[PDB]
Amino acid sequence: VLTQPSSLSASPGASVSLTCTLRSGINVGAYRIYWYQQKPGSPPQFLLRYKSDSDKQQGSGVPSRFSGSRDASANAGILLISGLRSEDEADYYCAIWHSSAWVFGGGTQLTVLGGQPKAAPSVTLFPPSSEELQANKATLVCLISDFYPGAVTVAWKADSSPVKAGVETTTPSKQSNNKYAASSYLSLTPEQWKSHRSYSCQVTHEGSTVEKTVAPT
């Protein structure tokens, strides 16, 4: 019933409009739109609800730069965030009471651009341990650390040819020092691992690529 853009990015200090678009037919004027903010590890926190300039309710302790509005032209409710800050980085969800069920939007992930200095990633590629090889398994582990913004491209190569199967990469997440880190695993048999001269982990970050390589002992 509700449609939100899955992601949105903006600079600090910007005024951003988050849209909650209601299905064709379901008139936006006849519903009070709810808005929630959620940070990783916490429950959703109510921000505000808006029906009109007349009937609007602000969440407890929610700054005034969060405001609600409507866009009848596009059949959409609007959450306006002015003076965008790094602490506004979160998921934002809208919700309505429709056909006697609470209905939620899919969420908009809001990313703040340029919240800290640019940091190229530190990349370390580990070969399979001899212990794991004795257990008839081989895992190449590529650990990516201390990078911002939190978006990297991970590519694996066997000798000089690209790898497709067996690669699992974690979504970047924040370190204790507020930079990002990610891990990537290439799963092989010990036979595959010994059947190539080398394997490589290639990490591209903001146009700059870092390659690390390991070889069987």
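Note that residue numbering follows the sequence shown and begins at 1.
A.B. asks: Select between 112 to 120 and 67 to 75 the stretch whose C-alpha atoms have the higher average B-factor in the entry.
C.D. replies: Averaging CA B-factors over each stretch, the winner is 67 to 75.
A.B. asks: Mean C-alpha B factor from the entry: is it higher for 135 to 143 or for 92 to 100?
C.D. replies: The deposited B-factors put 92 to 100 ahead on the C-alpha mean.
A.B. asks: By the CA temperature factor listed in this entry, which of these ranks top: 172, 149, 40, 44?
C.D. replies: Of 172, 149, 40, 44, 40 has the highest C-alpha B-factor.
A.B. asks: Can you tell me which of 153, 187, 184, 58 has the maximum CA B-factor listed in the PDB entry?
C.D. replies: In the PDB entry, the greatest C-alpha B-factor among 153, 187, 184, 58 is found at 58.
A.B. asks: Where does residue 129 sit by CA temperature factor within its chain: lowest, middle or highest third?
C.D. replies: Bottom third by C-alpha B-factor.
A.B. asks: Considering every modelled residue of the chain and its Cα B-factor in the PDB entry, is residue 24 in the lowest, middle or highest third?
C.D. replies: It belongs to the highest third of the chain when residues are ordered by C-alpha B-factor.
A.B. asks: With respect to C-alpha B-factor, does residue 167 fall in the lowest, middle or highest third of the chain as deposited?
C.D. replies: For residue 167, whose C-alpha B-factor we compare with every modelled residue in the chain, the answer is the lowest third.
A.B. asks: Going by the entry, which third of its chain does the Cα temperature factor of residue 215 land in?
C.D. replies: Residue 215: CA B-factor falls in the middle third of its chain.
A.B. asks: According to the PDB entry, is the CA B factor of residue 180 in the bottom, middle or top third of its chain, that is, lowest, middle or highest?
C.D. replies: Residue 180: CA B-factor falls in the lowest third of its chain.
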